[PDB]
Each structure stands twice: as structure tokens, then as C-alpha cells.
Amino acid sequence: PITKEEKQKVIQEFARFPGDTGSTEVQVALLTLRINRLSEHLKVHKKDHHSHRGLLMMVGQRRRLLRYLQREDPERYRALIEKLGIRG
Amino acid sequence: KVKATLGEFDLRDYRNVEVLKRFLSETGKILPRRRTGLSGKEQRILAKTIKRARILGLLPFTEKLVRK
Amino acid sequence: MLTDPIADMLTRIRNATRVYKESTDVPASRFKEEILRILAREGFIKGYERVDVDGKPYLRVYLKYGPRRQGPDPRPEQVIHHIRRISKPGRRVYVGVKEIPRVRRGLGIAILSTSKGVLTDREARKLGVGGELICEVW
Amino acid sequence: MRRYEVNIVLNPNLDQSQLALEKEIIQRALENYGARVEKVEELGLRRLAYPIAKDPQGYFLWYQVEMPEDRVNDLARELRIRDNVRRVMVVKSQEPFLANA
RNA sequence: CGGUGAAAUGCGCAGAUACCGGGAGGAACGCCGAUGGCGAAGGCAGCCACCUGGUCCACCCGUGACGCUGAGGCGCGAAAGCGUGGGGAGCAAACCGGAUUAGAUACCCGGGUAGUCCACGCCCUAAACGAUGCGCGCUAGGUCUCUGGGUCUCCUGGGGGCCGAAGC
């Protein structure tokens, strides 16, 4: 599973200003993490219908934010997808 | 009650038979909360615990009847 | 989600009187303030002062009731018997001046929001305007 | 990685030379899977509540190892091979929960 | 021996039954277990480890309204039931017999195939029930209980119950 070590690393890699913990970019990048881990996990355990929901949920949430980004500053969005690699 | 006539002991130490034994019946069965004298969380754990001690044959799974 | 502010307000008001509280709090906001502004000047309530609850701005609307009845269940007549939003969100209802309603043979009152501001049916007509007819209250 | 308690139970009727043989195996096996021992307790012979493999007693070992996650299940698979090693149980090391205190 | 209100069908002198020891295998998982917990529902209970969802509490730190709902769509979807293959201890539609009865194509008894367990794929219904769509605010309390934080004979958050103001 994801570890503090790895996680914080993920934040750092994306934040706006050093001591920041919650900001769109971050939030996104984050799920993305969890998601990807689920993704890899659902390739096996095709029979785990349950977590697959938490998955959709995660996916919805993710998109919900992006749509917000496309709303506020596009500049960020454009940049953010490339940095993550999604609907490029 | 068994909690009252006993002292400080770990609920997770599945080896300590000298203690656990007091939690089983005259048969192998596990005392009900009314007996043990434990709580909701406490019992939940004793369950898991004995269920272990059993496996490493330290605690029985069932006994026979005595008095006579 | 809180879908309609005023609406909540009215209901806190409605819901409070019914149990007979002295005053009731409620999220502040210039507008809501102008409605409470009416009530008290119309006499449905004592009044209201601005307040802070744990850091947040609130409006203490002070309730007004009638005298203690006699016989059984001496629950005082309530100054505000009726009170309901007319124009709701997702079915907004604006009226023309001609179309302004007379309430309870003019015993109750109506409050709209005109471009000349939030008003009473009487005022509106005296004022020659019309607008979002917010609510009935009597 | 995670801490563990490795319960191992083997034949009670084992002689000096044999016992230390099996022990030896375990030791080498652990290292093959990366488990560094934090400490071990040898309680030894104790009477079984019930008879395991027709025999009423057993030799008892315990091992607080700190090995890699992915390979814990395997650790056992290898351990459960000797026809003298009858019981095996690997548990996560849980902060002791006090009671009646 | 078994079984019943009684009985018989059946199984036993190739020696059953009751009893000891050994071996095979399948299914299920006593006690703890609750008027309990969890989950969106269907549903979920031996023990262990790995992989994985949701959720609750405290701090109030960050973003800054990014929210709610949700036609069609997509997925989940008990039991039974269908395909291919595996498996088959117990139970058991249909079916074979036994007794009951005016009769019994039943209720009772003895057998018994599909099926029931597993994998892949289909089926998608239901008293799929709180028979009570999802989300936010407001309106006396008492008590039992799961669970978290606190200065813990009391306070405070979340869940499950019973009684109950106003109201309905």
C-alpha cells in the first residue's frame, strides 16, 4: 500500500508553495495515485466488485476537480494533465 | 466473575494458558460475557485470542462431562 | 446542500415560534436582514440584532407572542400564524403591480423585492412597482 | 516491513542432535527470505490440550522476525515442509492490549 | 439396528448395530455471538497472511463553493435456473418403494437423479421490505447499547434500539 514516505514525496513533487497540503493539483495527483494502485489491483482480483466501486468514486471525484480546473485557470489544467498524463 | 478474580494480563498473548484456561468452561466452550466479566471490546478480543491458542493445541476445542 | 436561504430562515422562524422560544438564531446576510427589517417594523416580531456564534455572523430574531390563554392549554396566540415563501427557486414568481395580491383581506402582508428595494404590498403599490414576490405572512 | 511472531511447533520426541538440526534449517530459511530476528523464546516441551499427530506433547518455538511483506506467506510454505515441523503460525506483532488493570 | 402416533419399506450371520484404532474425502464452520458490527443494495461470521473499498474521531493545517440531484448510459445484483469442465460428504424436485386415508398423485418413513460446493461464462428476477428515493437546515427530553475524543462520577462526536414534547 501507499506509504507516508512515498505519499509525501508525491505532494512535494506537485505543490504550489513548500508548506501546502491541500490544493487542487495535489488532490488530483493524489487520487491518481490511489487510483492507479487500484487499477493495477483490479487487473487481478477481477472478482473484487466492491473496491471497484471505490474506484469509480475515486474516478468521479478526480474528474469533478478537473472540470473545476478547466473552469478557473485553464493554464493550470493544461499543464496539470501533461504532468500527470490523463486526457492528453 | 473471572475478570474480578484475576489481575493484570494481556488480552492478546495467546500463549499464556495459565490465564486463558479460566475463560473456558468445564467443557471446552468459551465463557459468555455474563461469566468472563469482560466488556464489548474485551470479549471480542478474547474470542480471537483463544481461537488461536486452540490451534497451537494449547487450549482444547471441547471437553467431556465430570461430576460423578 | 442549503438550497434556499430565505426559506430556511422562514422555517427557523416558523419552527421556533411553534415550540415557543424567546429568540432564534439564523445565518446573517444583507438581504435576510432586510426581510427581518420588515417583520419587526410590521410588528410580527420584537426585533433582531447582529451576532457572532463561535466566529460566524448570525441574526438573532427575537420572537413575539400573545398573552397566556385561560382554560386548558394556555399556549398563547402566536403573532405569526402563517408564514410561507411564495416564489421558490426553480419556480420563481414575479408579479406586476396590478397583480400584487391583497393578503387576508389585508390583515396579512406580502413582501416582494422590487428594483426600488424589498417591500410591502402596501408600500409597493404606494410606490408603483412590482417584483419578486418573496412571501405571505399573517 | 512488518514485525511478526512466528509460531513453530515440532515433534516432542526429538533428540539433542536432531532438534538443533531442525532449528538450524529454520534459521537459514529465515535469512533466505530476509527476516532479521528481534528475539526468540524457547518454552520447549508443553502438554497439548489435544493430541497433535497422535502425539500428546510438543516442542515450542517463538520468533519476533522483521521480514518483507510480500514474502511472509512464502516464508511459511517453505517452513511447512519438514515432516517433523507440525504447526506453524505467523502473526503480525500487535501492541499488547491490557485488561483488568 | 433403524424409524413411527403406531407401524412397515430398508440395512444385519458375506456378521449390522453399539465400541476402539487407522485411513479417504466433501461440506460446513459450534462456543464467543448479542435485542451486536459492517456494507449502496443483494449480502457478510473457524484461524492466518497478502492485496483492496468505505467510515468514524482529534488538530483545524491547506484549497476556496470546486456543491445536490441525477432521463438514457455503465456496473453491482439473493434463490432457483442455463453452457463447458471439475467435484459429490450431507441434503434432496423429479422419480422408486413404504405406511396414513373413503382415496393421497401429500403431510410421516427408507432410498434417490438434477441441484446444491469450485472455475469461467450467461441469466437479473424477488415480501431485492424500513413494503418508507438521495442531499441540506430546523423542532423538549429519557433511557439501553456499539464506537471515538475530552479536563472521564460529567461533557462532546458518530451508529444501532425502546419510550416520548410540539407537530402529523
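Residues numbered from 1 in each chain as written, not as in the entry; some residues may be left out. Chains lettered and ligands numbered in written order. Part of a larger assembly, values for the part shown. Heavy atoms only, no water.

For this coordinate set, the PDB header names X-ray crystallography as the determination method and states a resolution of 3.300 Å.

J.: Residue-level account of the interface of chain B and chain D, with values.
T.: Each side of the interface is counted separately: chain B has 22 residues, and chain D has 22 residues. Carbon and sulfur atoms make up 57% of the area that chain B and chain D hide from each other, which totals about 2,000 Å². Notably, a salt bridge pairs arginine 15 of chain B with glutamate 41 of chain D, separated by 3.3 Å at the nearest N-O pair. Between the two partners, chain B and chain D, sit 14 residue pairs in polar contact. Put simply, the parts of the chain that give the side of chain B that touches chain D at least two residues each are β1 (9–10) and α3 (40–55) of chain B. Element by element, the count of residues in the side of chain B that touches chain D is highest for α3 of chain B, at five residues. Residues of the side of chain B that touches chain D, tallied by class, amount to eleven nonpolar, two polar and nine charged. Of the strand pairs in this sheet, β1 of chain B and strand β5 (residues 98–99) of chain D are connected by two bridges, and their pairing is antiparallel. (Contact = heavy atoms within 4.5 Å. Buried area = accessible area lost by both parts, 1.4 Å probe. Salt bridge = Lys/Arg side-chain N within 4 Å of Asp/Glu carboxyl O. Polar contact = N/O pair within 3.5 Å; in protein donor to acceptor, adjacent residues only side chain to side chain. Helix = DSSP H or I, 4+ residues; strand = E, 2+ residues; numbered from the N terminus. Nonpolar A, V, L, I, M, F, W, Y, C, P; charged D, E, K, R; others polar. Pairing = 2+ DSSP bridges.)

J.: Describe the sheet that holds strand β2 (residues 47–53) of chain C, naming the residues involved and giving the relevant values.
T.: Residues and elements named next belong to chain C. Taking strand neighbours across the sheet as the criterion, the three strands line up as β1-β3-β2 in an open arrangement whose pairing is antiparallel. Whereas interior strands pair on both sides, the edge strands pair on one side only; in this sheet they are β1 (23–24) and β2. In the sheet, β2 pairs with strand β3 (residues 56–62) via seven bridges, with the strands oriented antiparallel. Residue pairing for β3: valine 51 is matched across the bridge by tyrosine 58. The strands that helix α2 (residues 30–42) touches are β2 and β3; relative to β2, the one it contacts most, it runs at about 145°. (Axes fitted to C-alpha atoms, helices over the stretch in contact; angles between N-to-C directions.)

J.: Lay out α2 of chain C in plain terms, naming residues and giving numbers.
T.: Residues and elements named next belong to chain C. When the terminal C-alpha atoms of α2 are compared, their 18 Å separation across 13 residues agrees well with the 18 Å that a helix rising 1.5 Å per residue should span. Residues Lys32, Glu33, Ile35, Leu36, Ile38 and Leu39 constitute the buried set of α2. In the core, the buried residues of α2 are packed alongside α1 (5–17), β2, β3, β5 (109–114), β6 (117–120) and β7 (132–137). Following α2 by one or two positions, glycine 43 adopts a phi angle in the positive range, close to 90°. (Expected span 1.5 Å × (residues − 1). Buried < 20%, exposed > 50% of the residue type's maximum accessible area, 1.4 Å probe, protein only.)

J.: Account for the nonpolar core, with residues named and values stated.
T.: If you look at the biggest cluster of nonpolar residues, it comprises 25 residues, and the most contacted ones within it are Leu20, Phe23, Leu46 and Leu59 of chain B. Only α1 (17–20) and α3 of chain B together with β2 (37–52), β3 (55–65) and β4 (85–92) of chain D provide two or more residues apiece to this core. Sorting elements by how many residues they give to this core places α3 of chain B first, with four residues. Excluding its chain neighbours within four sequence positions, the residues that come into contact with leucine 46 of chain B are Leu11, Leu20, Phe23 and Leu38 of chain B. Ranked by size, the runner-up nonpolar core spans 23 residues in total, among them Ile35, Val61, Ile111 and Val137 of chain C. (Core = buried A, V, L, I, M, F, W, Y, C linked by side-chain atoms within 4.5 Å.)

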